[PDB]
Structures are given as structure tokens and as C-alpha cells.
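Presented below is the structure to which this report refers.
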Amino acid sequence: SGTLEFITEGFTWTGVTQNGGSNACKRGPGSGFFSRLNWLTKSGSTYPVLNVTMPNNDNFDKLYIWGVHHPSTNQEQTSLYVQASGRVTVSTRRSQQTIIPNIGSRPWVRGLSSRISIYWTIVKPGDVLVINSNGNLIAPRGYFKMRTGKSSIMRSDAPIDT
Amino acid sequence: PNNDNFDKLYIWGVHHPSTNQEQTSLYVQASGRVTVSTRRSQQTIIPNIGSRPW
Ligand SMILES: *[C@@H]1O[C@H](CO[C@H]2O[C@@H](C)[C@@H](O)[C@@H](O)[C@@H]2O)[C@@H](O[C@@H]2O[C@H](CO)[C@@H](O[C@@H]3O[C@H](CO[C@H]4O[C@H](CO)[C@@H](O)[C@H](O)[C@@H]4O)[C@@H](O)[C@H](O[C@H]4O[C@H](CO)[C@@H](O)[C@H](O)[C@@H]4O)[C@@H]3O)[C@H](O)[C@H]2NC(C)=O)[C@H](O)[C@H]1NC(C)=O
Ligand SMILES: *[C@@H]1O[C@H](CO)[C@@H](O[C@@H]2O[C@H](CO)[C@@H](O[C@@H]3O[C@H](CO)[C@@H](O)[C@H](O[C@H]4O[C@H](CO)[C@@H](O)[C@H](O)[C@@H]4O)[C@@H]3O)[C@H](O)[C@H]2NC(C)=O)[C@H](O)[C@H]1NC(C)=O
Ligand SMILES: *[C@@H]1O[C@H](CO)[C@@H](O[C@@H]2O[C@H](CO)[C@@H](O[C@@H]3O[C@H](CO)[C@@H](O)[C@H](O[C@H]4O[C@H](CO)[C@@H](O)[C@H](O)[C@@H]4O)[C@@H]3O)[C@H](O)[C@H]2NC(C)=O)[C@H](O)[C@H]1NC(C)=O
């Protein structure tokens with residue numbers, strides 16, 4: 001693609017807290033999170049079933065980056081999302097993905113046994129993005145513009161010069 | 001059984017209802033299952049209820 005250009009969209013998440021950060025990702029002195037990801041926790045006693053739709057009406061492809069949260073315990077899972085088994089379903093006209101989070105521990109890193117699985121979805125012009133979840137969703141704040149062209153990546157330690 | 005001297009290609013499918021009421025209205029039990037196996041392999045698909053865009 002050769003670009004990180006991010007377009008922030010208007011996703012409206014109701015009955016659910018946004019912006020939730022952690023100690024393992026820090027911005028400034030306080031807690032923080034992935035800048036392009038929105039971590040949603042419950043509000044009150046309830047985390048509602050979320051059904052939302054984001055149409056792509058533009059003439060270019062959209063790349064949405066999202067995630068799924070894996071708690072290291074049932075007490076964390078339920079403490080955050082209410083229902084003890086979460087679900088995330090991301091579908092367009094041409095495809096769908098359904099991920100059901102893995103509770104339990106995988107070996108510690110950065111002080112946490114809980115992780116995130118990252119997934120991407122491409123939305124073509126005239127197609128809509130649809131997002132549906134009962135819990136365990138790290139939502140997109142928008143998309144990345146997709147370009148076609150000569151850009152690439154290379155692994156090197158060589159210094160750069162003028 | 002395939003008793004012939006040539007390979008057979010079987011095409012089949014799984015039905016995804018847009019509702020539990022359609023699923024149960026059609027198939028009785030609210031969670032369906034399909035398992036297709038030969039000696040050398042197997043596939044097991046459990047249908048996705050719910051809506052994908054019209
Ligand atoms: C990453 O880049 C995004 C896209 O912009 C650009 O990309 C970069 C790399 C460069 O190439 C730039 O030259 C290029 O423009 C940034 O998104 C931008 O964010 C700003 C600030 O929030 C948005 O400004 C607002 O635009 C509103 C509508 O604009 C219309 O036209 C644009 C431009 O083509 C379209 O994208 C839109 O869809 C609209 O059709 C406008 O109404 C707003 O005015 C109101 O708000 C201001 C306060 O911000 C207020 O003063 C005023 O009274 C109004 O109430 C506002 O101007 C801008 O739309 C948006 N650009 C795009 C292309 O989406 C993004 O910020 C950047 N990321 C970071 C973190 O820097
Ligand atoms: C299945 O087995 C695995 C391995 O035994 C287990 O996961 C492991 O959990 C332990 C802790 O229970 C992890 O060890 C950590 O190491 C860090 C780094 O130094 C420590 O800081 C951690 O200890 C903290 O908490 C302790 C208890 O209060 C304090 O004594 C300590 O000072 C710290 O505050 C912690 O011990 C270990 O890293 C993982 N295993 C792996 C391979 O990473 C898991 O819990 C077991 N699951 C079940 C179902 O029992
Ligand atoms: C999660 O959200 C999605 C999107 O909101 C939703 O799926 C959508 O269902 C609507 C209808 O409920 C679909 O829109 C259809 O568009 C056709 C084509 O023109 C209409 O003909 C359909 O309307 C018929 O039925 C209506 C109700 O009686 C009548 O008013 C109308 O005249 C027609 O008879 C229908 O509105 C839409 O296409 C999908 N979404 C997408 C992206 O395709 C889904 O139901 C939501 N799920 C949950 C759990 O709530």
C-alpha cells in the first residue's frame with residue numbers, strides 16, 4: 001500500500017465504554033492503547049449485543065484493522081464483558097469472519113498473560129462493512145486508505161545517508 | 001461405495017439460515033451438523049445461523 005494514512009470514522013458504540021487503556025501500553029505517564037484501536041468494555045451491568053454498519057461509498061478500497069481480546073481468566077472475561085463466552089463477527093457482502101475468543105493463559109509477555117488477535121478486512125466500493133459482537137471486540141476507529149503501486153518493505157540495519 | 005475404476009467428484013453444500021426460527025422450522029434441532037468422510041479424510045461443518053447482507 002505504501003501508506004499509513006488513517007481516516008477516522010463515526011462508529012457509534014452504545015451502552016459500552018470506549019477508549020479503555022492498559023498498563024502494558026502507555027502514552028505519556030498514564031495508561032494508553034493502540035492509537036488506531038478502540039478497546040470497548042461494559043457499561044453498568046450490561047454489555048449489549050452490538051450490530052453496526054459502515055458503508056463504503058467512496059471510489060477506493062478500505063482496509064479495516066480490528067482485534068479480538070483473549071482474557072487469561074473467566075473472571076476477567078465476565079468482569080469486563082458480562083457474558084462468559086464472547087463472540088465477534090465481521091461480514092461484508094463478499095465474505096465473513098467469526099472469531100470466538102480463547103480464555104486461559106499463554107506464557108507471560110509485558111506483564112500480561114492475556115492477548116489480542118489482529119484481523120483485517122478489505123471493503124470494496126459499493127460494499128458495506130458490518131460488525132456484530134456480544135463481547136471481546138477491539139474495534140476500528142476508521143480505516144487506512146489502500147493504494148496500488150511500487151511501494152515495499154526491506155529488512156536492513158544499514159545507516160541511511162543523504 | 002465407489003466400485004468403479006475412476007475417481008468420483010461429489011459436490012455438496014451446507015445451509016445457513018438467517019434465523020433460529022428458520023433453522024428450527026426447517027430442520028427441527030436448533031443446531032445442525034454435516035459430516036462427510038472417506039477412508040482417507042473427513043470434513044465436518046456446523047452451519048452459521050444469522051444474517052449476512054442481502
Ligand atoms: C491523517 O490524514 C487524514 C486525511 O487528511 C490527509 O491525509 C494526510 C496524510 C495529508 O495527505 C493531507 O493533505 C490530507 O488532507 C486526516 O483526516 C483529516 O482530519 C481533519 C481534522 O479532523 C478533517 O478536517 C475536517 O474536515 C471536515 C470535512 O472535510 C470534507 O473534505 C475533506 C477533505 O477532502 C473530506 O475528507 C471529508 O470527507 C469532507 O468531505 C470539515 O467539516 C471540518 O471542519 C469542522 O471541524 C473543524 C475542526 O477540526 C472546525 O474548525 C470547523 O468549524 C468545522 O466544525 C474539518 O476541517 C479532515 O476531514 C480529514 N481529512 C480527510 C481526508 O479525511 C487525519 O487527521 C490525519 N491523521 C492524523 C492523526 O494526523
Ligand atoms: C499452567 O502452568 C503455567 C506455568 O507454571 C502457569 O503460567 C505461569 O504463571 C506463572 C505465575 O503463576 C508465571 O510466572 C510469572 O513470572 C513473573 C516474571 O518474573 C512473575 O513476576 C510472576 O509472579 C507474580 O505473581 C506472583 C504471585 O503472587 C508473585 O510471587 C511475584 O512476585 C509476581 O508478583 C509470575 O510468577 C509464568 O510466566 C507462567 N508460565 C509461563 C510458561 O509463562 C499457569 O498459571 C498454569 N495454569 C493453570 C491452569 O494452573
Ligand atoms: C444488523 O444490521 C443489519 C443492517 O442494519 C441488518 O441487516 C439488514 O436488514 C435490512 C432489513 O431489516 C436489510 O435491508 C433490506 O433491503 C431490502 C432491499 O430494498 C428491502 O427490500 C428489505 O425490506 C423489506 O422488509 C421491510 C420490513 O418489513 C420492508 O419495509 C421493505 O419494504 C421490504 O419488504 C430490507 O429492509 C439490509 O440489507 C440488511 N443489511 C445489510 C448490510 O445488507 C440486521 O438485521 C441486523 N441484525 C440484528 C441482529 O439486528
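Ligands are numbered from 1 in the order shown, chains are lettered A, B, ... in the order of the C-alpha cells, and residues start at 1 in each chain.
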Show me, as CSV, the residues of chain B having an atom within 10 Å of ligand 3, each with the closest atom pair and its distance in Å, using only C-alpha atoms and all ligand atoms.
residue,atom,partner,partner_atom_place_in_ligand_line,distance
B:18,CA,ligand 3,45 (O),9.1
B:19,CA,ligand 3,49 (C),9.5
B:50,CA,ligand 3,49 (C),7.6
B:51,CA,ligand 3,44 (C),6.4
B:52,CA,ligand 3,43 (O),6.6
B:53,CA,ligand 3,43 (O),3.2
B:54,CA,ligand 3,43 (O),4.5
Can you list every residue of chain A that has an atom at most 12 Å from ligand 1, with its nearest atom pair and the distance in Å to one decimal, using only C-alpha atoms and all ligand atoms, ordered by chain then number, as CSV?
residue,atom,partner,partner_atom_place_in_ligand_line,distance
A:2,CA,ligand 1,9 (C),11.8
A:3,CA,ligand 1,9 (C),8.4
A:4,CA,ligand 1,9 (C),8.1
A:5,CA,ligand 1,1 (C),5.2
A:6,CA,ligand 1,1 (C),5.1
A:7,CA,ligand 1,64 (O),5.2
A:8,CA,ligand 1,17 (O),6.8
A:9,CA,ligand 1,64 (O),8.7
A:10,CA,ligand 1,38 (O),11.3
A:35,CA,ligand 1,70 (C),9.0
A:36,CA,ligand 1,70 (C),9.3
A:56,CA,ligand 1,38 (O),12.0
A:57,CA,ligand 1,38 (O),11.0
A:58,CA,ligand 1,38 (O),9.8
A:141,CA,ligand 1,70 (C),11.4
A:142,CA,ligand 1,64 (O),10.1
A:143,CA,ligand 1,64 (O),10.2
A:144,CA,ligand 1,1 (C),9.2
A:145,CA,ligand 1,4 (C),9.2
* Would you name the residues within 10 Å of ligand 2, counting only C-alpha atoms and all ligand atoms, and put them as a ChimeraX atom specification? -> /A:72-73,104-113
* To do: For residue 48 (chain B), list every protein, DNA or RNA residue within 12 Å, evaluated using only C-alpha atoms, and leave out those in the same chain fewer than 3 positions away; present the list as a PyMOL selection string.
  => (chain A and resi 89+96-98) or (chain B and resi 14-20+23+30-34+45+51-52)
Write out as CSV a residue-level contact list of chain A versus chain B with cut-off 12 Å: for each qualifying residue the closest pair of atoms and the distance in Å to one decimal, counting only C-alpha atoms, rows sorted by chain and residue number upward.
residue,atom,partner,partner_atom,distance
A:51,CA,B:51,CA,11.0
A:53,CA,B:53,CA,10.3
A:55,CA,B:53,CA,11.6
A:89,CA,B:52,CA,9.9
A:90,CA,B:52,CA,9.5
A:91,CA,B:52,CA,6.6
A:92,CA,B:53,CA,6.8
A:93,CA,B:53,CA,5.4
A:94,CA,B:53,CA,8.9
A:95,CA,B:52,CA,8.6
A:96,CA,B:52,CA,7.8
A:97,CA,B:52,CA,10.7
A:98,CA,B:48,CA,9.4
A:127,CA,B:53,CA,9.6
A:128,CA,B:53,CA,8.5
A:129,CA,B:53,CA,9.5
A:130,CA,B:53,CA,8.3
A:131,CA,B:52,CA,10.5
A:132,CA,B:51,CA,10.2
* If you run DSSP over the backbone, which residues in chain A end up helix (DSSP H, G or I)? Put them as a list in words. =>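 For chain A, the helix (DSSP H, G or I) set is residues 74, 75, 76, 77, 78, 79, 80 and 81 of chain A.
The smallest atom-to-atom distance between residue 118 (chain A) and any of A:70, A:159, A:147, A:85, using only C-alpha atoms, is found for A:70.
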* Atomic separation - CA of residue 41 (chain A) relative to CA of residue 81 (chain A), Å -> 6.1 Å
* Asked: So how far away is CA of residue 12 (chain A) from CA of residue 79 (chain A), in Å?
  ->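 Computing it gives 22.8 Å between the two atoms.
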* Coordinates-based distance that separates CA of residue 82 (chain A) from CA of residue 24 (chain A) (Å, one decimal) -> 22.9 Å
* Asked: If you run DSSP on this backbone, which residues of chain B come out as strand (DSSP E), and could you give them as a list in words?
  ->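 Strand (DSSP E) assignments inside chain B correspond to residues 34, 35, 36, 37, 38, 41, 42, 43, 44 and 45 of chain B.
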* Using only C-alpha atoms, which residues sit within 7 Å of residue 140 (chain A) once same-chain residues fewer than 3 positions away are excluded, as a list in words? -> residues 36, 37, 38, 64, 65 and 66 of chain A
Please produce an output containing C-alpha atoms for each residue in the selection, written as a short mmCIF file (atom, residue, chain, number, x, y, z; two decimals), in the first residue's frame.
data_model
loop_
_atom_site.label_atom_id
_atom_site.label_comp_id
_atom_site.auth_asym_id
_atom_site.auth_seq_id
_atom_site.Cartn_x
_atom_site.Cartn_y
_atom_site.Cartn_z
CA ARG A 36 -5.88 3.14 15.82
CA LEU A 37 -7.77 0.66 18.02
CA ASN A 38 -10.69 1.29 20.34
CA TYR A 64 -10.16 -2.01 8.39
CA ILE A 65 -7.90 -3.30 11.14
CA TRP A 66 -9.57 -4.86 14.18
#
